[PDB]
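**Student:** Could you have a look at this structure, given as structure tokens, before my questions?
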Amino acid sequence: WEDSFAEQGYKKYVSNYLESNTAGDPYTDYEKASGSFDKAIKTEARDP
Amino acid sequence: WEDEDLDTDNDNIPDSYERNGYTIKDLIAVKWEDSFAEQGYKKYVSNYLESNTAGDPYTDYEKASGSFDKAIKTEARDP
Amino acid sequence: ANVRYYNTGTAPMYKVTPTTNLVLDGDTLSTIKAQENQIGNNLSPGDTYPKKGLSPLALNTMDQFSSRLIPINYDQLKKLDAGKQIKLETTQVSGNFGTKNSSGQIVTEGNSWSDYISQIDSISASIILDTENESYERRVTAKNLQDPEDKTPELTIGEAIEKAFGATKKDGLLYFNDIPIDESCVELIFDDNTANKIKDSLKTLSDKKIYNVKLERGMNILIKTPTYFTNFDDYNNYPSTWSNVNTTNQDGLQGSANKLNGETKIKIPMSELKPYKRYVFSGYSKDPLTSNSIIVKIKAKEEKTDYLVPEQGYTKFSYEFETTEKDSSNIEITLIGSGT
Amino acid sequence: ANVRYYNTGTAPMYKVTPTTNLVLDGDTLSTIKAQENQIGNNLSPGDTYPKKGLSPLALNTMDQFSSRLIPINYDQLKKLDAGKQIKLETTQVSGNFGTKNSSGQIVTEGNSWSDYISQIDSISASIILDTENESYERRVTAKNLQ
């Protein structure tokens, strides 16, 4: 992450490096950051 | 090689994908030229980061080449 | 109740099981999900279950295994007895689709359509054509310009209607099996939100055509072909000949050259159209001096209105009349004026 | 009873099966788990079953194979006749969610939400917004310091 990506439209988010589901929901962190899980779930639920 | 690294396994080349387009020929996707319009070939493009660019359960290669079903109308053949 | 199904769209559906909803007057009597008797095995697109030559299909049961006929208590029986009728709605439909194996046999076992619905609807915009013999509804995807990582080829709406139905670029315009579809030769109907988006995104374009605006995420567009059309070079489908016409520079638009005065009158008998409906009569503008549009239709509003150009630019006008019931009467449209 | 559903949250839920509770005055007349008649196939977030333009959904039965209409004895009838009204509540809802295979087709068979509920609740804190047209409810995880 660099600070100059923000004008393009990219975000900044972090997670837990001892688990594969840091929020309990049945999608992993990589599967939820990159939107390759479902196209109906809202974009407010993309950061882990 | 330099310009054939398909990211998603849609079995179709990203240079033939984001550019002016592609067209199947003898069940193999090839580059698009403007003189193909006389014979009856179309021109369509798609999304090179997915394997289902419209959501429907047929992939891009499976829907361009009509090897999915013979009852679906040809209006739903471009992806 | 005797019902039959229909299907409009691109793909077929196997093992179709609709669920119906019966209402009478504010109430809701029952919700029926169709059993093994009223199931349907195939639906080729643009066809029905059963076919055109057969009687409809009866439903009278409500269990899983068909017993226990549908009841109605005494007040609802007296309401239904005293002239009224019940209304039937369709809520959802579950079915199947067909995937084939490695050049083997097509299987349909738990390949349900019902989990690809909320994914497709949140990507696509819906375009529905309505001619006078059939209808069509298609779904075309669209780009989301908020997410910069989101990649898909963006396309204009005049390209979306070009790609969805099978249309050909015949002399610049596009024609759907000897029917002209344009911006100025059809009737375009939106709901409120998409009309707001369209009128907000016209003022950034150089050309003020609405077929060059950008397709967006959640939209809804319906089009209707007219029933009678007055293209002058060719394609004027009319049993009644127009009166006091002119023929010079008459190919399309951008060539309006005839300034003439007087009146124009057309009369059509009722044997060529349907009664008890709400027609709409619409056209475009010019830079004349004055005109008026008298309708001489009985059982209706036989008044006129003024023409009143605000400018010389082409801005359309539209009015409406109301048809009689299959009488000897004739619709008589007269247009008086000085200037065109 | 004529009910309709709604959904406020993030992910959609397939094959909704709500169980309702009917009370009149201190009592509890019945607990109804919804059958295959009034089941709902899809529920996108911020929408309803049925949609915005259709009539509501009727429930009148209580078996698994739908027969045996719901009874009311004489005292509850005379209380309901004399002006009162009954109250409906929702206790729990079981449903499904959808995963896709190795670049293949989405499957929804036995992928139930009802075992990710008590894990997500013991991790998260709940934040609910209420404006004049809709509501929103979200769950955000938080750090333990013990």
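Every chain in the structure tokens takes a letter, A first, then B, and so on in the order presented; its residues are numbered from 1, and the ligands are numbered from 1 following the presented order.
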Could you please select, counting only C-alpha atoms, the residues of chain A within 12 Å of chain B and state them as a list in words?
**Tutor:** residues 34, 35, 36, 37, 38, 39 and 40 of chain A
**Student:** Grab the residues selected above and save them as a PDB file, in the first residue's frame with N, CA, C and O atoms.
**Tutor:**
ATOM      1  N   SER A  34     -10.460  -9.343  -2.959  1.00  0.00           N
ATOM      2  CA  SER A  34     -10.807  -9.445  -4.368  1.00  0.00           C
ATOM      3  C   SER A  34     -12.218  -9.997  -4.495  1.00  0.00           C
ATOM      4  O   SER A  34     -12.509 -11.082  -3.988  1.00  0.00           O
ATOM      5  N   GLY A  35     -13.090  -9.267  -5.182  1.00  0.00           N
ATOM      6  CA  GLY A  35     -14.491  -9.641  -5.237  1.00  0.00           C
ATOM      7  C   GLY A  35     -14.805 -10.832  -6.119  1.00  0.00           C
ATOM      8  O   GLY A  35     -15.456 -10.688  -7.157  1.00  0.00           O
ATOM      9  N   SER A  36     -14.358 -12.015  -5.716  1.00  0.00           N
ATOM     10  CA  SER A  36     -14.572 -13.239  -6.475  1.00  0.00           C
ATOM     11  C   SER A  36     -15.431 -14.227  -5.699  1.00  0.00           C
ATOM     12  O   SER A  36     -15.296 -15.442  -5.849  1.00  0.00           O
ATOM     13  N   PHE A  37     -16.332 -13.721  -4.860  1.00  0.00           N
ATOM     14  CA  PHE A  37     -17.195 -14.576  -4.055  1.00  0.00           C
ATOM     15  C   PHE A  37     -18.639 -14.567  -4.529  1.00  0.00           C
ATOM     16  O   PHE A  37     -19.217 -15.635  -4.758  1.00  0.00           O
ATOM     17  N   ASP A  38     -19.230 -13.392  -4.710  1.00  0.00           N
ATOM     18  CA  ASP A  38     -20.573 -13.242  -5.248  1.00  0.00           C
ATOM     19  C   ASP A  38     -20.729 -11.800  -5.692  1.00  0.00           C
ATOM     20  O   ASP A  38     -20.106 -10.900  -5.128  1.00  0.00           O
ATOM     21  N   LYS A  39     -21.562 -11.586  -6.701  1.00  0.00           N
ATOM     22  CA  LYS A  39     -21.783 -10.249  -7.223  1.00  0.00           C
ATOM     23  C   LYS A  39     -23.048  -9.610  -6.677  1.00  0.00           C
ATOM     24  O   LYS A  39     -23.435  -8.536  -7.142  1.00  0.00           O
ATOM     25  N   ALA A  40     -23.697 -10.239  -5.702  1.00  0.00           N
ATOM     26  CA  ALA A  40     -24.866  -9.655  -5.071  1.00  0.00           C
ATOM     27  C   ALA A  40     -24.578  -9.048  -3.712  1.00  0.00           C
ATOM     28  O   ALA A  40     -25.331  -8.174  -3.277  1.00  0.00           O
TER      29      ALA A  40
END
**Student:** Please identify every residue of chain D that has at least one atom no farther than 8 Å from an atom of chain A, counting only C-alpha atoms, and for each give the shortest atom pair and the distance in Å to one decimal, arranged by chain then increasing number, as CSV.
**Tutor:**
residue,atom,partner,partner_atom,distance
D:10,CA,A:42,CA,5.6
D:11,CA,A:41,CA,4.7
D:12,CA,A:41,CA,6.6
D:44,CA,A:40,CA,7.2
D:45,CA,A:41,CA,7.7
D:99,CA,A:37,CA,7.2
D:100,CA,A:37,CA,7.6
D:116,CA,A:25,CA,6.6
D:119,CA,A:24,CA,6.3
D:120,CA,A:24,CA,5.3
D:123,CA,A:23,CA,7.5
D:141,CA,A:23,CA,6.3
**Student:** Can I get the selection written as a CSV table (one decimal), in the first residue's frame, with C-alpha atoms?
**Tutor:**
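Resulting contents of result_1.csv:
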chain,number,residue,atom,x,y,z
D,10,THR,CA,-25.2,-7.3,3.3
D,11,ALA,CA,-25.4,-10.8,1.9
D,12,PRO,CA,-28.5,-12.3,0.2
D,44,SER,CA,-31.5,-9.7,-2.3
D,45,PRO,CA,-30.4,-7.2,0.3
D,99,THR,CA,-20.2,-21.0,-2.8
D,100,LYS,CA,-18.7,-21.7,-6.2
D,116,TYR,CA,-22.1,-19.2,11.5
D,119,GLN,CA,-19.7,-17.5,16.1
D,120,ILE,CA,-20.1,-14.1,14.4
D,123,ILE,CA,-16.9,-11.7,17.9
D,141,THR,CA,-15.4,-7.2,14.7
**Student:** Which chain C residues are at most 6 Å from chain D (counting only C-alpha atoms), as a PDB file with N, CA and C atoms, in the first residue's frame?
**Tutor:**
ATOM      1  N   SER C  30     -55.126 -17.976  -0.953  1.00  0.00           N
ATOM      2  CA  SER C  30     -54.126 -19.019  -0.787  1.00  0.00           C
ATOM      3  C   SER C  30     -52.920 -18.768  -1.677  1.00  0.00           C
ATOM      4  N   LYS C  33     -48.204 -23.845  -4.574  1.00  0.00           N
ATOM      5  CA  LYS C  33     -47.008 -24.232  -5.306  1.00  0.00           C
ATOM      6  C   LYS C  33     -47.311 -25.505  -6.077  1.00  0.00           C
ATOM      7  N   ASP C  63     -51.972 -29.601  -1.350  1.00  0.00           N
ATOM      8  CA  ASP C  63     -51.056 -30.338  -0.500  1.00  0.00           C
ATOM      9  C   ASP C  63     -49.754 -30.604  -1.237  1.00  0.00           C
ATOM     10  N   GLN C  64     -48.888 -31.398  -0.610  1.00  0.00           N
ATOM     11  CA  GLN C  64     -47.740 -31.943  -1.320  1.00  0.00           C
ATOM     12  C   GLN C  64     -48.161 -33.125  -2.178  1.00  0.00           C
TER      13      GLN C  64
END
**Student:** Determine the nearest neighbour of chain B from the options D:24, D:73, D:144, D:102, counting only C-alpha atoms.
**Tutor:** D:102
**Student:** Check the smallest atom-to-atom distance from each of C:237, C:118, C:141, C:230 to chain B using only C-alpha atoms, then report the winner.
**Tutor:**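 Comparing C:237, C:118, C:141, C:230 against chain B, the winner is C:141.
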**Student:** Residues of chain C within 6 Å of chain B, counting only C-alpha atoms - could you list those as a list in words?
**Tutor:**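 Those within range of chain B come out as residues 10, 11, 120, 152 and 166 of chain C.
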**Student:** Take the residues from that selection and put them in a file with N, CA and C atoms, as a PDB file, in the first residue's frame.
**Tutor:**
ATOM      1  N   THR C  10     -34.272 -15.826 -23.554  1.00  0.00           N
ATOM      2  CA  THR C  10     -33.292 -16.504 -24.389  1.00  0.00           C
ATOM      3  C   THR C  10     -33.099 -17.976 -24.051  1.00  0.00           C
ATOM      4  N   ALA C  11     -33.210 -18.360 -22.801  1.00  0.00           N
ATOM      5  CA  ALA C  11     -32.897 -19.758 -22.550  1.00  0.00           C
ATOM      6  C   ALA C  11     -34.152 -20.555 -22.221  1.00  0.00           C
ATOM      7  N   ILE C 120     -27.255 -12.180 -11.372  1.00  0.00           N
ATOM      8  CA  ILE C 120     -27.447 -11.589 -12.691  1.00  0.00           C
ATOM      9  C   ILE C 120     -28.171 -10.251 -12.588  1.00  0.00           C
ATOM     10  N   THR C 152     -14.778  -4.289 -17.442  1.00  0.00           N
ATOM     11  CA  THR C 152     -15.730  -4.814 -18.419  1.00  0.00           C
ATOM     12  C   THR C 152     -15.861  -3.763 -19.514  1.00  0.00           C
ATOM     13  N   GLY C 166     -31.515  -9.017 -32.368  1.00  0.00           N
ATOM     14  CA  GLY C 166     -30.670  -9.140 -33.533  1.00  0.00           C
ATOM     15  C   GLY C 166     -31.030  -8.109 -34.574  1.00  0.00           C
TER      16      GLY C 166
END
**Student:** Please identify every residue of chain C that has at least one atom no farther than 10 Å from an atom of chain A, counting only C-alpha atoms, and for each give the shortest atom pair and the distance in Å to one decimal, arranged by chain then increasing number, as CSV.
**Tutor:**
residue,atom,partner,partner_atom,distance
C:116,CA,A:40,CA,9.9
C:117,CA,A:40,CA,9.5
C:118,CA,A:40,CA,6.1
C:119,CA,A:40,CA,5.1
C:120,CA,A:39,CA,8.0
C:121,CA,A:40,CA,8.3
C:122,CA,A:40,CA,5.8
C:123,CA,A:39,CA,7.3
C:146,CA,A:9,CA,7.6
C:147,CA,A:9,CA,6.6
C:148,CA,A:9,CA,5.8
C:149,CA,A:10,CA,8.1
C:150,CA,A:35,CA,9.3
**Student:** Check the DSSP output for the backbone and give back, as a list in words, the residues of range 1-38 of chain A in alpha helix (DSSP H).
**Tutor:** residues 29, 30, 31, 32 and 33 of chain A
**Student:** I need the residue nearest residue 25 in chain B from this list: B:10, B:65, B:37, B:43. Use only C-alpha atoms for the distance.
**Tutor:**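 Of all the options, B:65 lies closest to residue 25 in chain B.
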**Student:** With a distance cut-off of 6 Å and only C-alpha atoms, select the neighbouring residues of range 289-295 of chain C, excluding the residue or stretch itself and same-chain residues fewer than 3 positions from it, and output the selection as a PyMOL selection string.
**Tutor:** chain C and resi 302+304-307+333-339
**Student:** In Å, with one decimal, what is the gap from CA of residue 218 in chain C to CA of residue 193 in chain C?
**Tutor:** 9.2 Å
**Student:** Could you work out how far CA of residue 161 in chain C lies from CA of residue 212 in chain C, giving the answer in Å with one decimal?
**Tutor:**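 Interatomic distance here is 11.6 Å.
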**Student:** Please identify all polymer residues within 12 Å of residue 12 in chain B, counting only C-alpha atoms, omitting same-chain residues fewer than 2 positions from it, and present them as a ChimeraX atom specification.
**Tutor:** /B:3-10,14-18,21-24,27-31,45-51,59-65
**Student:** Would you mind telling me which residue in C:14, C:317, C:113, C:176 lies nearest to residue 129 in chain C when using only C-alpha atoms?
**Tutor:**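 That would be C:176, the residue with the smallest distance to residue 129 in chain C.
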